[PDB]
Amino acid sequence: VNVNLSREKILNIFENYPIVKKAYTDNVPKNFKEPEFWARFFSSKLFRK
Amino acid sequence: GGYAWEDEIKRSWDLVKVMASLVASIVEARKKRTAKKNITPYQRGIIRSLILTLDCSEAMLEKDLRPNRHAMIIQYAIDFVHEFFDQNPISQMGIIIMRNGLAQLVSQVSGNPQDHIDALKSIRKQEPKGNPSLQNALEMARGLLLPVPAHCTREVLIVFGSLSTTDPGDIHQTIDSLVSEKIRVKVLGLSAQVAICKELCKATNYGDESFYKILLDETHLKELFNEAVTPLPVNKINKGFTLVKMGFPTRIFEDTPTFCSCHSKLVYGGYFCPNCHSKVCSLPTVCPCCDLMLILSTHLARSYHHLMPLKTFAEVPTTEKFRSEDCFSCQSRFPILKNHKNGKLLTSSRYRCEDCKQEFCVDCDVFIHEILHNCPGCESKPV
Amino acid sequence: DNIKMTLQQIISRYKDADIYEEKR
Amino acid sequence: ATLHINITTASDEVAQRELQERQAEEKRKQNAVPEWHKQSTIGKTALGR
Amino acid sequence: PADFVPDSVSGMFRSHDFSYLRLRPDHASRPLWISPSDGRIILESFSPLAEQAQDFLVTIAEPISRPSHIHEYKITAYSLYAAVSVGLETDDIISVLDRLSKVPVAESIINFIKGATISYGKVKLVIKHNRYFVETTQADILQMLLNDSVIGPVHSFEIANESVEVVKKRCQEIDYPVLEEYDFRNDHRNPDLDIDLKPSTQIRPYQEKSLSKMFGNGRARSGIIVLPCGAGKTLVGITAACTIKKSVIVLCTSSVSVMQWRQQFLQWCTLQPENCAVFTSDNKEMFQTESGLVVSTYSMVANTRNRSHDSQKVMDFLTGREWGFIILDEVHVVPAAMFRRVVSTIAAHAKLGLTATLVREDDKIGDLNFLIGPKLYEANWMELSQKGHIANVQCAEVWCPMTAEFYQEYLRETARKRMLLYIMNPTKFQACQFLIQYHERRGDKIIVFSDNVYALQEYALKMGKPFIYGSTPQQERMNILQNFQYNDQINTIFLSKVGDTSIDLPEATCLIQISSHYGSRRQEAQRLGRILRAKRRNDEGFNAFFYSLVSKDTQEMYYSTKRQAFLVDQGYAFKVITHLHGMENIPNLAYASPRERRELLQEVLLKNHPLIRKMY
Ligand SMILES: [Zn+2]
Ligand SMILES: [Zn+2]
Ligand SMILES: [Zn+2]
Ligand SMILES: [Zn+2]
């Protein structure tokens, strides 16, 4: 299964949800890169909540 | 007691049950003309600056208007641009579309109608998508109508096809800013009466709730777009009664092509500006060299007919003695229209002008009040 | 089954990561 | 089972619309009437080897 | 005549110059034209109040033809019987006929209507404990029936069961026609059933119209309802069984149709399996309830041979039990030799005839009115096709010219060899190969029908596609069927006459008819109904393909022109194709060399004591 993410959708995710941007700030430049972070987020319980 | 189709035959052949027959047709036209009885010369703002906003959302893909809302709204917008620059030549126009929540400017505010025709034809190829935004379109309309002068009435026309709008900010602040900058907004909705469009029309038109128009069918959209080309009447509180300095150019005739001052290209003809002796391609327009308006006398005369509209023709009573058996303008045989001998003389088609007491038929009643703008009896009278 | 499912998921995430890094 | 994401930097949307219209046009071509159906073939020569 | 002098142009009309009828002044709203020669009716569908005359004429008359613009109807006695049976008096029909017609109705037409409508409902047929009785409300009518005395020991008398059709025919000859109506509301001797439709099942409105035509008066009237194949002909019988709520039996043409009908009764209606029984060779159990369902084929009940003891017991139970309703699927086989008795050995008040092919080459098809009853409902195939109910078939006819040697051999031999000779023309091989190559690239599923088994084998050998005939193994047939349905590298299946009958076949959109069993109109609609139930009917712009390959200047032209008569009467247009773009640059050329054509030609010509037991 494939999901498409535009950068406008990423900006809307960051603006509408501060928790995702909070995880992005301390996870993406530190340990693992951006698409791995989005895959982990979409496979997480936070996306379901 | 039982199933529906085993009860009885539907008997569809028997549901249809079956001289003064013209009177029922006449009374409908009489009720139509009753709404046009009251007329007086309202002051109207001749010099207009119109911003046409076109919806291009997913809601414009609805099949309820043959073939689709986007293409036919664009085609009637082309017709609207042609009629608007035919009847309001010295006006200016810009075209903004609403697409993907973004307001997209497809034509700068200019007096040349062919640029707007080209822009609309360019829009017609693309497909509509997204979720429309009134606030972005109104903010770019406010930006476009900032640099126009105070004597020119600033107007925004919105063809809003959706029922919901998504805004990046508070739209009531935008409505307040539109009211504070004296911008009048008329919205032609396509589906139903949205609250924010009705409030915007009521606020920006000084309390008039009649500027939010909802159509019925294909012909009513033509009716609304034809109504929209007439200039809006101004309010009494407006005191921007301003002189406009302009020049009347002279059409030059030279066999050698020259560089125009507006497009820097070869044009055989041209209009020499009376102020700076530079030449322009099209008319009417602002001069590219001195910032002075250049129009012709016919460009004033085209919009001159809005200043003193002719009073409506009143249908004469049948009991009155007829002044003439033939029309004053075309000598059309006025029909006696005798439905029957006991029905007598009814609904005579003679229409009388108040200022000259001359009788006209329904053909000249149509022509003198829409295409022509002078009653022939009024100018035949030796006043 | 549990360990092969979770290891499949983690190698799918790594495959997405290095595919993106090869593209970028 | 697996999760795959697509990241587009606001430039390849026109490419996906080009693909979408390309399956659209090949579907309309494969559902189009044949040339012998929409046009009468009696004006041309008879079929043979 | 109304004192009108004939004109010079009127001399070529053989007693059809009907200009004596004065045109009414307010004729712009009248869509009917009446011909006093034979009661033929002409209707326009574009004038105002078109549907008000359209539904009236399809209730009182049969349609000769229904094209898009102007419809043509026939006034007959049976359609008048069906119209007056649902509660339409003569005076109202005559008054609205004068109202809706431009020309006045002549005296002969009014006299015909009066003569046909009167003396209806006099003689009636009833069944009392599997015994046929004829009843009349007037006593003297029994006395005027004094010619064919088959009486066997209010005013009713007994008729022998095997001679009831002769009684129906002799009453049709006289102006007192037979009437058969089941009043199941007032019938209490036969046990009722709790059979009902599922609430999740939907009924499409033309089926409701057909049922309303069957149940106009609130009573079950015996008759024939014709519907396209795959358009829901079984659902009408299911709803009728749920309506009458009596003992219902179903007769099919094949055992696969029997199990399909058992699937119908199990799924689209609320029937528990203990009320349902199957009477076939493999399945012979019979229901222990007082009233239920048994489904079978005409072949067992009508068999004149020696039957088994269990089948004899089942037949005796069918004879001794009074049934309230019978479903006769594919009623076109009913007027045959032994099948004509399936309404005589089985006593049923209401007889339903469901089929897609109400045509036969012999005149005995016109005897169905003596077997089932008046024609109830005729389905408009354009109306179903334009609404997406059935696929829009593109009826085309590809013409194949003759080679000189083949056609010379065709002119010198008898007809039986001639058939195989014009089937085996190499031009048809090339055209069929090109059509297969063209329609395989488009993703179309292709069924190629040809009744000649040697032709089928030759086509399978030359092209390399699976072939199915009558004596083929059944597991092989199913394997070929699922290879067609699911496997994508097989999109063309060659079939014999087995696929013409009511057997289960996968959905397809393209049909190629190479040969056929002479000029049979039934077989055309039987083959065309296979592709009428296509999956892509919901797709916009989808058009099903139906090609009929014919050999030019031979008896294929005559047979196909006779065969397409029913399809063009239904409304389909067979467009001719004499040129195919792709013959010049075809990759694979079949019999391109003259010597290969000759080799095919002579191939067709050459076609026509426990110890001594070990010692042996
Ligand atoms: Zn200048
Ligand atoms: Zn220019
Ligand atoms: Zn006049
Ligand atoms: Zn006047």
# chains A, B, ... in the order shown; residues from 1 in each chain; ligands from 1

$ interface_residues --of "chain B" --to "chain A" --cutoff "12 Å" --atoms "only C-alpha atoms" --output "PyMOL selection string"
chain B and resi 100-101+168

$ write_last_selection --atoms "N, CA, C and O atoms" --output "CSV table (one decimal), in the first residue's frame"
chain,number,residue,atom,x,y,z
B,100,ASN,N,-7.6,25.5,-5.3
B,100,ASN,CA,-6.8,24.8,-4.3
B,100,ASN,C,-6.7,25.7,-3.0
B,100,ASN,O,-5.6,25.6,-2.4
B,101,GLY,N,-7.6,26.5,-2.7
B,101,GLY,CA,-7.5,27.4,-1.6
B,101,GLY,C,-6.7,28.6,-1.9
B,101,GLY,O,-6.5,29.5,-1.0
B,168,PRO,N,-7.8,31.2,5.5
B,168,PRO,CA,-6.6,31.3,6.4
B,168,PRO,C,-6.7,32.2,7.6
B,168,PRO,O,-5.9,32.2,8.5

$ residues_around --residues "residue A:38" --least-positions-apart "3" --cutoff "10 Å" --atoms "only C-alpha atoms" --output "mmCIF file with N, CA, C and O atoms, in the first residue's frame"
data_model
loop_
_atom_site.group_PDB
_atom_site.id
_atom_site.type_symbol
_atom_site.label_atom_id
_atom_site.label_comp_id
_atom_site.auth_asym_id
_atom_site.auth_seq_id
_atom_site.Cartn_x
_atom_site.Cartn_y
_atom_site.Cartn_z
ATOM 1 N N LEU A 5 2.623 11.976 -0.070
ATOM 2 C CA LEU A 5 2.745 13.117 0.828
ATOM 3 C C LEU A 5 3.328 14.291 0.061
ATOM 4 O O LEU A 5 4.480 14.235 -0.382
ATOM 5 N N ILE A 10 2.599 18.225 4.391
ATOM 6 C CA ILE A 10 3.514 18.212 5.531
ATOM 7 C C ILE A 10 3.388 19.502 6.336
ATOM 8 O O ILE A 10 3.361 19.480 7.575
ATOM 9 N N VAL A 20 3.417 16.598 16.098
ATOM 10 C CA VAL A 20 4.192 16.025 15.003
ATOM 11 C C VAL A 20 5.415 16.882 14.709
ATOM 12 O O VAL A 20 6.510 16.361 14.470
ATOM 13 N N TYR A 24 9.301 16.001 15.062
ATOM 14 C CA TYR A 24 10.151 16.248 13.902
ATOM 15 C C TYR A 24 11.401 17.031 14.284
ATOM 16 O O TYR A 24 12.479 16.800 13.723
ATOM 17 N N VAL A 28 14.264 14.104 13.545
ATOM 18 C CA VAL A 28 14.768 14.073 12.172
ATOM 19 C C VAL A 28 16.206 14.584 12.056
ATOM 20 O O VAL A 28 17.029 13.879 11.450
ATOM 21 N N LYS A 33 16.197 9.904 9.411
ATOM 22 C CA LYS A 33 15.855 10.926 8.436
ATOM 23 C C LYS A 33 14.338 11.051 8.269
ATOM 24 O O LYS A 33 13.546 10.369 8.925
ATOM 25 N N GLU A 34 13.952 11.960 7.370
ATOM 26 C CA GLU A 34 12.549 12.356 7.225
ATOM 27 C C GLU A 34 11.606 11.240 6.770
ATOM 28 O O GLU A 34 10.560 11.060 7.423
ATOM 29 N N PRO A 35 11.867 10.477 5.690
ATOM 30 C CA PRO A 35 10.875 9.458 5.296
ATOM 31 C C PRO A 35 10.762 8.314 6.283
ATOM 32 O O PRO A 35 9.669 7.757 6.449
ATOM 33 N N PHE A 41 5.839 7.315 12.046
ATOM 34 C CA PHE A 41 4.649 8.013 12.522
ATOM 35 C C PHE A 41 3.374 7.360 12.004
ATOM 36 O O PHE A 41 2.418 7.167 12.763
ATOM 37 N N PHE A 42 3.342 7.010 10.715
ATOM 38 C CA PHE A 42 2.158 6.372 10.151
ATOM 39 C C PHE A 42 1.969 4.951 10.660
ATOM 40 O O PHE A 42 0.848 4.436 10.614
ATOM 41 N N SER A 43 3.030 4.308 11.141
ATOM 42 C CA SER A 43 2.915 2.994 11.755
ATOM 43 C C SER A 43 2.768 3.063 13.272
ATOM 44 O O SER A 43 2.794 2.020 13.931
ATOM 45 N N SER A 44 2.614 4.258 13.835
ATOM 46 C CA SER A 44 2.540 4.442 15.278
ATOM 47 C C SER A 44 1.094 4.531 15.751
ATOM 48 O O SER A 44 0.154 4.646 14.964
ATOM 49 N N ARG C 13 10.882 -0.202 6.399
ATOM 50 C CA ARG C 13 11.221 1.187 6.709
ATOM 51 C C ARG C 13 12.632 1.539 6.243
ATOM 52 O O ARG C 13 12.857 2.626 5.694
ATOM 53 N N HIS D 4 4.599 1.813 2.494
ATOM 54 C CA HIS D 4 5.471 2.601 1.639
ATOM 55 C C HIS D 4 4.887 3.996 1.479
ATOM 56 O O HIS D 4 3.672 4.156 1.328
ATOM 57 N N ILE D 5 5.753 5.004 1.518
ATOM 58 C CA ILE D 5 5.328 6.390 1.396
ATOM 59 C C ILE D 5 5.938 6.989 0.137
ATOM 60 O O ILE D 5 6.998 6.562 -0.333
ATOM 61 N N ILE D 7 7.068 10.713 -1.375
ATOM 62 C CA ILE D 7 7.373 12.102 -1.054
ATOM 63 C C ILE D 7 7.596 12.847 -2.360
ATOM 64 O O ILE D 7 8.500 12.507 -3.133
#

$ residues_near_ligand --ligand "ligand 1" --cutoff "12 Å" --atoms "only C-alpha atoms and all ligand atoms" --output "PyMOL selection string"
chain B and resi 245-250+260-262+271-280+285-295

$ residues_near_ligand --ligand "ligand 4" --cutoff "8 Å" --atoms "only C-alpha atoms and all ligand atoms" --output "list in words"
residues 352, 353, 354, 355, 356, 357, 358, 374, 375, 376, 377, 378 and 379 of chain B

$ write_last_selection --atoms "N, CA, C and O atoms" --output "PDB file, in the first residue's frame"
ATOM      1  N   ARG B 352     -47.870  53.716 -25.253  1.00  0.00           N
ATOM      2  CA  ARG B 352     -47.750  55.164 -25.345  1.00  0.00           C
ATOM      3  C   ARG B 352     -46.560  55.665 -24.538  1.00  0.00           C
ATOM      4  O   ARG B 352     -46.337  55.235 -23.402  1.00  0.00           O
ATOM      5  N   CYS B 353     -45.796  56.575 -25.137  1.00  0.00           N
ATOM      6  CA  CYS B 353     -44.736  57.282 -24.436  1.00  0.00           C
ATOM      7  C   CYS B 353     -45.315  58.498 -23.728  1.00  0.00           C
ATOM      8  O   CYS B 353     -46.204  59.171 -24.255  1.00  0.00           O
ATOM      9  N   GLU B 354     -44.808  58.771 -22.526  1.00  0.00           N
ATOM     10  CA  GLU B 354     -45.365  59.855 -21.725  1.00  0.00           C
ATOM     11  C   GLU B 354     -44.950  61.222 -22.256  1.00  0.00           C
ATOM     12  O   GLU B 354     -45.755  62.160 -22.266  1.00  0.00           O
ATOM     13  N   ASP B 355     -43.703  61.356 -22.706  1.00  0.00           N
ATOM     14  CA  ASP B 355     -43.163  62.665 -23.049  1.00  0.00           C
ATOM     15  C   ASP B 355     -43.585  63.160 -24.427  1.00  0.00           C
ATOM     16  O   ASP B 355     -43.416  64.351 -24.709  1.00  0.00           O
ATOM     17  N   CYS B 356     -44.124  62.296 -25.288  1.00  0.00           N
ATOM     18  CA  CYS B 356     -44.490  62.702 -26.637  1.00  0.00           C
ATOM     19  C   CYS B 356     -45.866  62.234 -27.084  1.00  0.00           C
ATOM     20  O   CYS B 356     -46.311  62.658 -28.157  1.00  0.00           O
ATOM     21  N   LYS B 357     -46.543  61.382 -26.303  1.00  0.00           N
ATOM     22  CA  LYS B 357     -47.906  60.908 -26.582  1.00  0.00           C
ATOM     23  C   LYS B 357     -48.012  60.222 -27.943  1.00  0.00           C
ATOM     24  O   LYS B 357     -48.941  60.473 -28.713  1.00  0.00           O
ATOM     25  N   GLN B 358     -47.054  59.352 -28.245  1.00  0.00           N
ATOM     26  CA  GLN B 358     -47.057  58.585 -29.480  1.00  0.00           C
ATOM     27  C   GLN B 358     -47.155  57.101 -29.157  1.00  0.00           C
ATOM     28  O   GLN B 358     -46.694  56.647 -28.107  1.00  0.00           O
ATOM     29  N   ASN B 374     -33.283  56.334 -27.388  1.00  0.00           N
ATOM     30  CA  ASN B 374     -34.003  57.583 -27.616  1.00  0.00           C
ATOM     31  C   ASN B 374     -35.350  57.251 -28.244  1.00  0.00           C
ATOM     32  O   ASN B 374     -35.420  56.475 -29.203  1.00  0.00           O
ATOM     33  N   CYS B 375     -36.415  57.815 -27.697  1.00  0.00           N
ATOM     34  CA  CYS B 375     -37.734  57.628 -28.279  1.00  0.00           C
ATOM     35  C   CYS B 375     -37.858  58.474 -29.539  1.00  0.00           C
ATOM     36  O   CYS B 375     -37.633  59.692 -29.477  1.00  0.00           O
ATOM     37  N   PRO B 376     -38.186  57.883 -30.692  1.00  0.00           N
ATOM     38  CA  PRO B 376     -38.315  58.681 -31.923  1.00  0.00           C
ATOM     39  C   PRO B 376     -39.397  59.742 -31.854  1.00  0.00           C
ATOM     40  O   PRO B 376     -39.258  60.799 -32.481  1.00  0.00           O
ATOM     41  N   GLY B 377     -40.472  59.491 -31.106  1.00  0.00           N
ATOM     42  CA  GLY B 377     -41.489  60.509 -30.915  1.00  0.00           C
ATOM     43  C   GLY B 377     -40.994  61.710 -30.136  1.00  0.00           C
ATOM     44  O   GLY B 377     -41.431  62.837 -30.386  1.00  0.00           O
ATOM     45  N   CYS B 378     -40.082  61.490 -29.184  1.00  0.00           N
ATOM     46  CA  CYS B 378     -39.567  62.594 -28.384  1.00  0.00           C
ATOM     47  C   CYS B 378     -38.674  63.519 -29.200  1.00  0.00           C
ATOM     48  O   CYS B 378     -38.672  64.733 -28.973  1.00  0.00           O
ATOM     49  N   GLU B 379     -37.916  62.973 -30.149  1.00  0.00           N
ATOM     50  CA  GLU B 379     -37.075  63.801 -31.002  1.00  0.00           C
ATOM     51  C   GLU B 379     -37.788  64.273 -32.261  1.00  0.00           C
ATOM     52  O   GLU B 379     -37.289  65.182 -32.933  1.00  0.00           O
TER      53      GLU B 379
END

$ select_by_dssp --residues "chain D" --states "strand (DSSP E)" --output "list in words"
residues 4, 5, 6, 7 and 8 of chain D

$ interface_residues --of "chain D" --to "chain A" --cutoff "9 Å" --atoms "only C-alpha atoms" --output "list in words"
residues 1, 2, 3, 4, 5, 6, 7, 8, 9, 10 and 13 of chain D

$ write_last_selection --atoms "N, CA and C atoms" --output "CSV table (one decimal), in the first residue's frame"
chain,number,residue,atom,x,y,z
D,1,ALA,N,0.4,-5.3,4.2
D,1,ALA,CA,1.3,-5.5,5.3
D,1,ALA,C,2.4,-4.4,5.4
D,2,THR,N,3.2,-4.3,4.4
D,2,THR,CA,4.2,-3.3,4.3
D,2,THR,C,3.6,-1.9,4.1
D,3,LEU,N,4.4,-0.9,4.6
D,3,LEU,CA,4.0,0.5,4.4
D,3,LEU,C,5.0,1.2,3.6
D,4,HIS,N,4.6,1.8,2.5
D,4,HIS,CA,5.5,2.6,1.6
D,4,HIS,C,4.9,4.0,1.5
D,5,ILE,N,5.8,5.0,1.5
D,5,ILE,CA,5.3,6.4,1.4
D,5,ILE,C,5.9,7.0,0.1
D,6,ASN,N,5.2,8.0,-0.4
D,6,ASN,CA,5.7,8.7,-1.6
D,6,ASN,C,5.9,10.2,-1.2
D,7,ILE,N,7.1,10.7,-1.4
D,7,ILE,CA,7.4,12.1,-1.1
D,7,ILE,C,7.6,12.8,-2.4
D,8,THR,N,6.8,13.9,-2.6
D,8,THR,CA,6.9,14.7,-3.8
D,8,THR,C,7.1,16.1,-3.4
D,9,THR,N,8.1,16.7,-4.0
D,9,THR,CA,8.5,18.1,-3.6
D,9,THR,C,7.8,19.1,-4.5
D,10,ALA,N,6.5,19.0,-4.6
D,10,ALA,CA,5.6,20.0,-5.3
D,10,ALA,C,6.0,20.2,-6.7
D,13,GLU,N,3.6,16.6,-9.4
D,13,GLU,CA,2.2,16.5,-9.4
D,13,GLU,C,1.7,16.4,-10.9
